[PDB]
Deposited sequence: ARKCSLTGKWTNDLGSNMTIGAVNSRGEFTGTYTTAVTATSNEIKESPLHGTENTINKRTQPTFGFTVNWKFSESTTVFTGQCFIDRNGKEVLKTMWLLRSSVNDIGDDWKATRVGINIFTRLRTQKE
């Protein structure tokens, strides 16, 4: 029992809202980040993702298409039943900044973790 639908808050402070997961595992939702590496308005954004499909703790993966910037973030993790019986999503992401030349690409990728809980 680890539905992906719902509202979740992360260690960095953000909030993530996911909808009803279908049969092929997909889903959609909004993701208000609580942190920014830019100078723009922290404006909400939609995230698209899929979750494997029969174990209780399935690994998923989604893309959050930010609205206030030319960037994308990709999280990938697994739904765990944190010992007592509370769900906990541990994930990792790659923050893709945008450049102008096919040269300054390396300085474009950032990596970090993120633990989500049911806010």
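- No C-alpha positions are given in the record for the deposited-sequence stretches 1-2, 56-57, 124-128.
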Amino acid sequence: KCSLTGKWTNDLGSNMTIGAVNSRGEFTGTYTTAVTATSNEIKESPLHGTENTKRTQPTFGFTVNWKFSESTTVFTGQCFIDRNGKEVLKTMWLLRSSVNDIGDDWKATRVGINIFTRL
From here on, numbers count along this sequence of modelled residues.
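- For the segment pair 69-77 and 82-90, the entry gives 82-90 the higher mean B-factor, averaged over Cα atoms.
- Taking the mean C-alpha B-factor of each stretch as recorded, 11-19 and 106-114 are not equal, and the higher mean is that of 11-19.
- Taking the PDB entry at face value, the top CA B factor among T59, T63, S39, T30 belongs to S39.
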